[PDB]
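*Asks:* Submitted below is the structure of interest, expressed as structure tokens.
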Number of protein chains: 4
Amino acid sequence: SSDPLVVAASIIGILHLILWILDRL
Amino acid sequence: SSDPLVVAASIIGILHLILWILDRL
Amino acid sequence: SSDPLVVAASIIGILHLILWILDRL
Amino acid sequence: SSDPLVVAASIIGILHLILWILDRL
Ligand SMILES: CCCCCCCC/C=C/CCCCCCCC(=O)OC[C@@H](O)CO
Ligand SMILES: CCCCCCCC/C=C/CCCCCCCC(=O)OC[C@@H](O)CO
Ligand SMILES: CCCCCCCC/C=C/CCCCCCCC(=O)OC[C@@H](O)CO
Ligand SMILES: CCCCCCCC/C=C/CCCCCCCC(=O)OC[C@@H](O)CO
Ligand SMILES: [Ca+2]
Ligand SMILES: [Ca+2]
Ligand SMILES: [Ca+2]
Ligand SMILES: [Ca+2]
Ligand SMILES: [Ca+2]
Ligand SMILES: [Cl-]
């Protein structure tokens, strides 16, 4: 388990990646 | 909970995101 | 130890870095 | 505390940031 702030940051980072890929495609 | 260095990195990453968005807007 | 979602995000981030470097080289 | 892989990723991310800033300055 991780600090909730670290979980939140990981979620935001993954979604940032996903949105960038979808934008480029 | 997380290593303090990982918490710090998550904070910096989130703030980096926020600043980028504000700059673009 | 960390939340599995945080481990996954860290792996994805490292691989993202690696792929970017290989692309540029 | 965090998984060692997550600590490593956080270190790499911070250093990536630092190098980018120094390059731009
Ligand atoms: C990038 C596409 C998605 C939009 C993302 C835009 C950025 C939004 C960022 C929001 C930050 C919310 C983070 C919320 C973090 C909450 C921290 C908390 O309540 O617990 C503190 C712990 O440290 C105590 O153990
Ligand atoms: C990007 C906009 C905001 C400016 C950010 C610029 C980058 C600044 C980076 C500073 C790095 C500070 C990290 C500080 C990390 C401290 C680590 C610590 O004291 O505990 C070590 C643990 O591993 C032991 O359990
Ligand atoms: C960027 C080059 C590599 C391609 C990456 C493309 C992005 C793929 C992202 C996939 C996200 C998979 C994350 C999978 C995360 C699973 C979370 C889980 O099962 O446990 C939940 C815990 O919170 C409970 O403790
Ligand atoms: C970007 C400027 C700095 C150069 C960075 C270039 C990228 C180098 C990346 C290297 C990845 C090394 C990560 C090393 C991670 C080791 C994982 C480990 O041994 O423990 C596994 C745990 O999950 C078990 O609990
Ligand atoms: Ca906390
Ligand atoms: Ca430590
Ligand atoms: Ca969990
Ligand atoms: Ca932990
Ligand atoms: Ca492990
Ligand atoms: Cl963590």
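For the structure tokens, the naming scheme is as follows: chains receive sequential letters (A, B, ...) according to their order of presentation, residues are indexed from 1 within each chain, and ligands are indexed from 1 in presentation order.
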For chain D, which residues have at least one atom within 10 Å of chain A, if we go by only C-alpha atoms? Write them as a list in words, please.

*Replies:*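 Those within range of chain A come out as residues 1, 2 and 3 of chain D.
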
*Asks:* Restrict the selected residues to C-alpha atoms and save them as a PDB file, in the first residue's frame.

*Replies:*
ATOM      1  CA  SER D   1       8.189   2.857   2.689  1.00  0.00           C
ATOM      2  CA  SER D   2       7.721   1.856  -0.944  1.00  0.00           C
ATOM      3  CA  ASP D   3       8.685  -0.913  -3.337  1.00  0.00           C
TER       4      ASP D   3
END

*Asks:* Extract the full set of helix (DSSP H, G or I) residues from chain A according to DSSP on the backbone, and format it as a JSON list (two decimals) with N, CA, C and O atoms, in the first residue's frame.

*Replies:*
[["chain", "number", "residue", "atom", "x", "y", "z"],
["A", 4, "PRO", "N", -2.14, 7.87, 0.04],
["A", 4, "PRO", "CA", -3.20, 8.20, -0.91],
["A", 4, "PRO", "C", -2.80, 9.23, -1.95],
["A", 4, "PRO", "O", -3.30, 9.19, -3.07],
["A", 5, "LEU", "N", -1.89, 10.13, -1.60],
["A", 5, "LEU", "CA", -1.46, 11.16, -2.53],
["A", 5, "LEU", "C", -0.64, 10.53, -3.66],
["A", 5, "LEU", "O", -0.71, 10.97, -4.82],
["A", 6, "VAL", "N", 0.14, 9.50, -3.33],
["A", 6, "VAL", "CA", 0.92, 8.77, -4.32],
["A", 6, "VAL", "C", 0.00, 7.95, -5.22],
["A", 6, "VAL", "O", 0.23, 7.88, -6.43],
["A", 7, "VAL", "N", -1.04, 7.33, -4.67],
["A", 7, "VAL", "CA", -2.00, 6.64, -5.52],
["A", 7, "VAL", "C", -2.66, 7.61, -6.48],
["A", 7, "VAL", "O", -2.83, 7.32, -7.65],
["A", 8, "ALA", "N", -3.04, 8.77, -5.99],
["A", 8, "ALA", "CA", -3.69, 9.76, -6.85],
["A", 8, "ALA", "C", -2.78, 10.20, -7.96],
["A", 8, "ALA", "O", -3.21, 10.33, -9.10],
["A", 9, "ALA", "N", -1.54, 10.47, -7.65],
["A", 9, "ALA", "CA", -0.56, 10.88, -8.65],
["A", 9, "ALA", "C", -0.35, 9.81, -9.71],
["A", 9, "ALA", "O", -0.18, 10.13, -10.89],
["A", 10, "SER", "N", -0.37, 8.54, -9.33],
["A", 10, "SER", "CA", -0.16, 7.47, -10.27],
["A", 10, "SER", "C", -1.34, 7.38, -11.21],
["A", 10, "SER", "O", -1.15, 7.15, -12.40],
["A", 11, "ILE", "N", -2.55, 7.56, -10.69],
["A", 11, "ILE", "CA", -3.75, 7.54, -11.51],
["A", 11, "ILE", "C", -3.72, 8.67, -12.53],
["A", 11, "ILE", "O", -4.00, 8.46, -13.70],
["A", 12, "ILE", "N", -3.35, 9.85, -12.07],
["A", 12, "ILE", "CA", -3.31, 11.02, -12.95],
["A", 12, "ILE", "C", -2.25, 10.83, -14.03],
["A", 12, "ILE", "O", -2.48, 11.17, -15.19],
["A", 13, "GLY", "N", -1.10, 10.28, -13.67],
["A", 13, "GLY", "CA", -0.09, 10.03, -14.65],
["A", 13, "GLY", "C", -0.52, 9.04, -15.70],
["A", 13, "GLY", "O", -0.18, 9.18, -16.84],
["A", 14, "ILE", "N", -1.16, 7.95, -15.34],
["A", 14, "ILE", "CA", -1.62, 6.95, -16.29],
["A", 14, "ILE", "C", -2.65, 7.56, -17.22],
["A", 14, "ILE", "O", -2.62, 7.34, -18.43],
["A", 15, "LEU", "N", -3.57, 8.33, -16.67],
["A", 15, "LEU", "CA", -4.62, 8.92, -17.49],
["A", 15, "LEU", "C", -4.04, 9.96, -18.43],
["A", 15, "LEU", "O", -4.50, 10.09, -19.56],
["A", 16, "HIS", "N", -3.00, 10.66, -17.99],
["A", 16, "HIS", "CA", -2.31, 11.62, -18.84],
["A", 16, "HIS", "C", -1.71, 10.94, -20.03],
["A", 16, "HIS", "O", -1.90, 11.39, -21.19],
["A", 17, "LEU", "N", -1.07, 9.80, -19.78],
["A", 17, "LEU", "CA", -0.51, 8.98, -20.85],
["A", 17, "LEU", "C", -1.59, 8.58, -21.85],
["A", 17, "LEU", "O", -1.43, 8.74, -23.06],
["A", 18, "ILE", "N", -2.69, 8.03, -21.33],
["A", 18, "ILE", "CA", -3.76, 7.50, -22.15],
["A", 18, "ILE", "C", -4.34, 8.59, -23.03],
["A", 18, "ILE", "O", -4.52, 8.41, -24.24],
["A", 19, "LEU", "N", -4.61, 9.74, -22.44],
["A", 19, "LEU", "CA", -5.18, 10.86, -23.20],
["A", 19, "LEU", "C", -4.23, 11.33, -24.30],
["A", 19, "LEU", "O", -4.68, 11.67, -25.40],
["A", 20, "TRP", "N", -2.93, 11.37, -24.02],
["A", 20, "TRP", "CA", -1.93, 11.77, -25.02],
["A", 20, "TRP", "C", -1.95, 10.80, -26.20],
["A", 20, "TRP", "O", -1.97, 11.21, -27.36],
["A", 21, "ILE", "N", -1.98, 9.50, -25.93],
["A", 21, "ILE", "CA", -2.00, 8.50, -26.99],
["A", 21, "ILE", "C", -3.26, 8.63, -27.84],
["A", 21, "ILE", "O", -3.18, 8.64, -29.06],
["A", 22, "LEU", "N", -4.42, 8.76, -27.20],
["A", 22, "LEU", "CA", -5.69, 8.90, -27.93],
["A", 22, "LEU", "C", -5.71, 10.16, -28.78],
["A", 22, "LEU", "O", -6.26, 10.17, -29.88],
["A", 23, "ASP", "N", -5.10, 11.23, -28.27],
["A", 23, "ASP", "CA", -5.04, 12.50, -29.01],
["A", 23, "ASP", "C", -4.20, 12.33, -30.28],
["A", 23, "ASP", "O", -4.56, 12.83, -31.34],
["A", 24, "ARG", "N", -3.08, 11.62, -30.16],
["A", 24, "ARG", "CA", -2.17, 11.45, -31.28],
["A", 24, "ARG", "C", -2.72, 10.48, -32.31],
["A", 24, "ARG", "O", -2.41, 10.62, -33.49]]

*Asks:* For the reference chain C, what are the coordinates of chain B after least-squares fitting (all Cα, in-order pairing), as a PDB file with C-alpha atoms, in the first residue's frame?

*Replies:*
ATOM      1  CA  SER B   1       6.007  -2.173  -0.652  1.00  0.00           C
ATOM      2  CA  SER B   2       3.507  -0.115  -2.635  1.00  0.00           C
ATOM      3  CA  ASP B   3      -0.023  -0.348  -3.981  1.00  0.00           C
ATOM      4  CA  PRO B   4      -0.011  -2.509  -7.130  1.00  0.00           C
ATOM      5  CA  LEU B   5      -1.379   0.423  -9.126  1.00  0.00           C
ATOM      6  CA  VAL B   6       1.624   2.534  -8.079  1.00  0.00           C
ATOM      7  CA  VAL B   7       4.018  -0.261  -9.075  1.00  0.00           C
ATOM      8  CA  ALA B   8       2.317  -0.467 -12.451  1.00  0.00           C
ATOM      9  CA  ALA B   9       2.539   3.267 -12.983  1.00  0.00           C
ATOM     10  CA  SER B  10       6.241   3.261 -12.131  1.00  0.00           C
ATOM     11  CA  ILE B  11       6.903   0.481 -14.639  1.00  0.00           C
ATOM     12  CA  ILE B  12       4.995   2.323 -17.346  1.00  0.00           C
ATOM     13  CA  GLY B  13       6.843   5.529 -16.623  1.00  0.00           C
ATOM     14  CA  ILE B  14      10.271   3.891 -16.814  1.00  0.00           C
ATOM     15  CA  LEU B  15       9.392   2.141 -20.063  1.00  0.00           C
ATOM     16  CA  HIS B  16       8.078   5.413 -21.468  1.00  0.00           C
ATOM     17  CA  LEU B  17      11.413   7.014 -20.708  1.00  0.00           C
ATOM     18  CA  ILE B  18      13.347   4.141 -22.266  1.00  0.00           C
ATOM     19  CA  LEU B  19      11.288   4.143 -25.452  1.00  0.00           C
ATOM     20  CA  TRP B  20      11.689   7.932 -25.831  1.00  0.00           C
ATOM     21  CA  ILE B  21      15.481   7.662 -25.514  1.00  0.00           C
ATOM     22  CA  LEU B  22      15.698   4.789 -28.025  1.00  0.00           C
ATOM     23  CA  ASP B  23      13.490   6.725 -30.456  1.00  0.00           C
ATOM     24  CA  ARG B  24      15.721   9.797 -30.255  1.00  0.00           C
ATOM     25  CA  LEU B  25      18.919   7.772 -30.673  1.00  0.00           C
TER      26      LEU B  25
END
